[PDB]
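*Asks:* Next up, coords.pdb (PDB, C-alpha atoms).
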ATOM      1  CA  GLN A   1     179.520 149.207 225.265  1.00  0.00           C
ATOM      2  CA  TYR A   2     178.364 152.617 226.495  1.00  0.00           C
ATOM      3  CA  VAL A   3     176.713 153.490 229.793  1.00  0.00           C
ATOM      4  CA  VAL A   4     173.414 155.126 230.744  1.00  0.00           C
ATOM      5  CA  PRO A   5     173.504 158.961 231.070  1.00  0.00           C
ATOM      6  CA  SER A   6     172.630 161.003 234.149  1.00  0.00           C
ATOM      7  CA  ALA A   7     169.086 162.262 234.731  1.00  0.00           C
ATOM      8  CA  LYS A   8     169.278 165.819 236.068  1.00  0.00           C
ATOM      9  CA  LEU A   9     165.992 166.847 237.691  1.00  0.00           C
ATOM     10  CA  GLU A  10     164.718 170.194 238.963  1.00  0.00           C
ATOM     11  CA  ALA A  11     161.660 171.389 240.903  1.00  0.00           C
ATOM     12  CA  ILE A  12     159.555 173.671 238.704  1.00  0.00           C
ATOM     13  CA  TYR A  13     157.402 176.404 240.243  1.00  0.00           C
ATOM     14  CA  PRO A  14     154.677 176.411 241.195  1.00  0.00           C
ATOM     15  CA  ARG A  15     153.989 172.872 240.005  1.00  0.00           C
ATOM     16  CA  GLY A  16     156.299 171.063 237.611  1.00  0.00           C
ATOM     17  CA  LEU A  17     159.352 168.857 237.131  1.00  0.00           C
ATOM     18  CA  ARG A  18     162.038 169.023 234.443  1.00  0.00           C
ATOM     19  CA  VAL A  19     164.625 166.313 233.798  1.00  0.00           C
ATOM     20  CA  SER A  20     167.590 165.983 231.430  1.00  0.00           C
ATOM     21  CA  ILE A  21     170.003 163.249 230.333  1.00  0.00           C
ATOM     22  CA  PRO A  22     173.222 163.482 228.232  1.00  0.00           C
ATOM     23  CA  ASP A  23     172.011 161.722 225.087  1.00  0.00           C
ATOM     24  CA  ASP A  24     174.332 159.537 223.029  1.00  0.00           C
ATOM     25  CA  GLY A  25     172.422 158.873 219.836  1.00  0.00           C
ATOM     26  CA  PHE A  26     169.799 156.710 221.523  1.00  0.00           C
ATOM     27  CA  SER A  27     166.281 155.854 220.442  1.00  0.00           C
ATOM     28  CA  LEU A  28     164.371 155.427 223.713  1.00  0.00           C
ATOM     29  CA  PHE A  29     164.623 157.146 227.083  1.00  0.00           C
ATOM     30  CA  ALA A  30     162.344 155.551 229.683  1.00  0.00           C
ATOM     31  CA  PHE A  31     161.984 157.372 233.000  1.00  0.00           C
ATOM     32  CA  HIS A  32     160.611 155.744 236.148  1.00  0.00           C
ATOM     33  CA  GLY A  33     160.537 157.706 239.401  1.00  0.00           C
ATOM     34  CA  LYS A  34     158.671 157.640 242.694  1.00  0.00           C
ATOM     35  CA  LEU A  35     158.274 160.550 245.109  1.00  0.00           C
ATOM     36  CA  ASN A  36     159.282 159.946 248.727  1.00  0.00           C
ATOM     37  CA  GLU A  37     159.831 156.194 248.379  1.00  0.00           C
ATOM     38  CA  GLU A  38     162.961 154.285 247.410  1.00  0.00           C
ATOM     39  CA  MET A  39     162.987 151.337 245.018  1.00  0.00           C
ATOM     40  CA  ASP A  40     164.707 147.967 244.603  1.00  0.00           C
ATOM     41  CA  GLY A  41     163.818 147.002 241.067  1.00  0.00           C
ATOM     42  CA  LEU A  42     161.430 148.257 238.430  1.00  0.00           C
ATOM     43  CA  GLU A  43     158.530 149.861 240.281  1.00  0.00           C
ATOM     44  CA  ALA A  44     155.996 152.085 238.524  1.00  0.00           C
ATOM     45  CA  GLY A  45     157.006 154.784 240.999  1.00  0.00           C
ATOM     46  CA  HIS A  46     155.512 157.946 239.534  1.00  0.00           C
ATOM     47  CA  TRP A  47     157.150 159.602 236.537  1.00  0.00           C
ATOM     48  CA  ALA A  48     156.606 156.787 234.038  1.00  0.00           C
ATOM     49  CA  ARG A  49     157.164 158.133 230.529  1.00  0.00           C
ATOM     50  CA  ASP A  50     159.043 156.625 227.579  1.00  0.00           C
ATOM     51  CA  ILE A  51     160.536 159.159 225.166  1.00  0.00           C
ATOM     52  CA  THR A  52     161.721 158.310 221.650  1.00  0.00           C
ATOM     53  CA  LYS A  53     163.086 161.637 220.387  1.00  0.00           C
ATOM     54  CA  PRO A  54     165.692 163.695 222.337  1.00  0.00           C
ATOM     55  CA  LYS A  55     165.683 167.485 222.571  1.00  0.00           C
ATOM     56  CA  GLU A  56     169.197 168.466 221.510  1.00  0.00           C
ATOM     57  CA  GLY A  57     171.978 166.082 222.378  1.00  0.00           C
ATOM     58  CA  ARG A  58     170.010 165.628 225.595  1.00  0.00           C
ATOM     59  CA  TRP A  59     166.542 164.274 226.351  1.00  0.00           C
ATOM     60  CA  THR A  60     164.075 166.334 228.352  1.00  0.00           C
ATOM     61  CA  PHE A  61     161.301 164.929 230.538  1.00  0.00           C
ATOM     62  CA  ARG A  62     159.126 167.858 231.613  1.00  0.00           C
ATOM     63  CA  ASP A  63     156.136 167.318 233.901  1.00  0.00           C
ATOM     64  CA  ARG A  64     153.947 170.310 234.783  1.00  0.00           C
ATOM     65  CA  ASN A  65     151.573 168.054 236.733  1.00  0.00           C
ATOM     66  CA  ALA A  66     153.838 166.955 239.582  1.00  0.00           C
ATOM     67  CA  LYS A  67     152.590 168.341 242.894  1.00  0.00           C
ATOM     68  CA  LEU A  68     155.975 168.224 244.621  1.00  0.00           C
ATOM     69  CA  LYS A  69     156.810 169.783 247.982  1.00  0.00           C
ATOM     70  CA  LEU A  70     159.946 171.066 249.705  1.00  0.00           C
ATOM     71  CA  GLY A  71     161.797 168.491 251.777  1.00  0.00           C
ATOM     72  CA  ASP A  72     160.560 165.603 249.665  1.00  0.00           C
ATOM     73  CA  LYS A  73     163.145 163.247 248.168  1.00  0.00           C
ATOM     74  CA  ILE A  74     163.309 161.645 244.721  1.00  0.00           C
ATOM     75  CA  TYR A  75     164.001 158.018 243.786  1.00  0.00           C
ATOM     76  CA  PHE A  76     164.120 156.695 240.217  1.00  0.00           C
ATOM     77  CA  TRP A  77     165.780 154.806 237.398  1.00  0.00           C
ATOM     78  CA  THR A  78     166.194 155.800 233.747  1.00  0.00           C
ATOM     79  CA  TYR A  79     166.529 153.566 230.699  1.00  0.00           C
ATOM     80  CA  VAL A  80     167.892 154.415 227.248  1.00  0.00           C
ATOM     81  CA  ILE A  81     167.897 152.515 223.938  1.00  0.00           C
ATOM     82  CA  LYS A  82     170.742 152.903 221.461  1.00  0.00           C
ATOM     83  CA  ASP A  83     169.292 150.584 218.811  1.00  0.00           C
ATOM     84  CA  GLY A  84     168.846 147.366 220.767  1.00  0.00           C
ATOM     85  CA  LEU A  85     171.439 148.498 223.306  1.00  0.00           C
ATOM     86  CA  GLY A  86     169.784 149.957 226.348  1.00  0.00           C
ATOM     87  CA  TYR A  87     171.194 150.968 229.720  1.00  0.00           C
ATOM     88  CA  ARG A  88     169.581 152.336 232.882  1.00  0.00           C
ATOM     89  CA  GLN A  89     170.546 154.772 235.592  1.00  0.00           C
ATOM     90  CA  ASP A  90     168.871 153.077 238.539  1.00  0.00           C
ATOM     91  CA  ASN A  91     169.292 153.879 242.217  1.00  0.00           C
ATOM     92  CA  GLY A  92     169.016 157.516 241.184  1.00  0.00           C
ATOM     93  CA  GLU A  93     167.955 160.234 243.586  1.00  0.00           C
ATOM     94  CA  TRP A  94     167.030 163.923 243.663  1.00  0.00           C
ATOM     95  CA  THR A  95     165.833 166.648 246.050  1.00  0.00           C
ATOM     96  CA  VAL A  96     162.673 168.746 246.294  1.00  0.00           C
ATOM     97  CA  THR A  97     163.956 171.242 248.884  1.00  0.00           C
ATOM     98  CA  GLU A  98     164.817 173.544 245.973  1.00  0.00           C
ATOM     99  CA  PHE A  99     162.905 174.828 242.953  1.00  0.00           C
ATOM    100  CA  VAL A 100     164.174 176.216 239.655  1.00  0.00           C
ATOM    101  CA  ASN A 101     162.932 179.191 237.660  1.00  0.00           C
ATOM    102  CA  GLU A 102     160.975 178.962 234.433  1.00  0.00           C
ATOM    103  CA  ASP A 103     164.157 180.580 233.137  1.00  0.00           C
ATOM    104  CA  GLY A 104     166.038 177.364 233.826  1.00  0.00           C
ATOM    105  CA  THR A 105     167.895 178.081 237.058  1.00  0.00           C
ATOM    106  CA  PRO A 106     167.421 177.574 240.807  1.00  0.00           C
ATOM    107  CA  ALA A 107     164.858 179.975 242.248  1.00  0.00           C
ATOM    108  CA  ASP A 108     165.463 179.173 245.905  1.00  0.00           C
ATOM    109  CA  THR A 109     167.389 181.766 247.915  1.00  0.00           C
ATOM    110  CA  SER A 110     166.161 180.815 251.387  1.00  0.00           C
ATOM    111  CA  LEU A 111     162.813 182.586 251.025  1.00  0.00           C
ATOM    112  CA  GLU A 112     159.884 180.391 252.062  1.00  0.00           C
ATOM    113  CA  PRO A 113     156.574 182.330 251.761  1.00  0.00           C
TER     114      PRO A 113
END
How does the structure come out when it is put into structure tokens?
*Replies:*
Amino acid sequence: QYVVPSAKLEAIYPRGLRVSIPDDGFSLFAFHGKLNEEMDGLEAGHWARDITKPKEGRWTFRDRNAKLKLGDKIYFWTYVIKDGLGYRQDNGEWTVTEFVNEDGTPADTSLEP
């Protein structure tokens, strides 16, 4: 039995959120995440989207409608489906103190406007 991948998030500028998970030939990648609020189960949180088709050996959950702010913390749990064999990466966490570039890399060099 395999294990659930790792959801790598990033703060998009000026308003967005991109996530990624090392796919393993799955079929469904459900993402549940709340902003500034932990979780102890399966709460709707915020980012609640179920993907069925990866991107390229890795799923991508982009959200250009997430009004995030520096300092804020992330809390979520991801769920994959490898043909009736799902696994989730709960108790996950991420930061908002940094933002990445549309290029795909961190665009935070200690320069707060």
*Asks:* Would you write out, as a list in words, every residue that the PyMOL selection byres ((chain A and resi 93) around 8) captures in this file?
*Replies:* residues 73, 74, 75, 76, 91, 92, 94 and 95 of chain A
*Asks:* Which residues match the PyMOL selection byres ((chain A and resi 110) around 12) in the file above, as a ChimeraX atom specification?
*Replies:* /A:70,97-99,106-109,111-113
*Asks:* Which is closest to residue 23 in chain A among A:69, A:64, A:58, A:88, if we use only C-alpha atoms?
*Replies:*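 Nearest to residue 23 in chain A: A:58.
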*Asks:* Enumerate, as a VMD selection string, the residues matched when the PyMOL selection byres ((chain A and resi 87) around 12) is run on the file above.
*Replies:* chain A and resid 1 to 6 23 to 24 26 to 31 77 to 86 88 to 90
*Asks:* Please provide as a list in words all residues within 9 Å of residue 65 in chain A, with the sequence filter that same-chain residues fewer than 5 positions apart are discarded (counting only C-alpha atoms).
*Replies:*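 The contact residues come out as residues 15, 16 and 17 of chain A.
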*Asks:* When distances are computed from only C-alpha atoms, which of A:100, A:35, A:7, A:48 shows the smallest separation from residue 22 in chain A?
*Replies:* A:7
*Asks:* Expressed in Å to a single decimal, how great is the separation between CA of residue 40 in chain A and CA of residue 10 in chain A?
*Replies:*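 Value for the CA of residue 40 in chain A-CA of residue 10 in chain A distance: 22.9 Å.
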*Asks:* Counting all atoms listed in the file, which residue out of A:66, A:14, A:60, A:33 sits closest to residue 47 in chain A?
*Replies:*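 Closest to residue 47 in chain A of all the choices is A:33.
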*Asks:* Quote the spacing between CA of residue 13 in chain A and CA of residue 102 in chain A in Å to one decimal place.
*Replies:*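 These atoms are spaced 7.3 Å apart.
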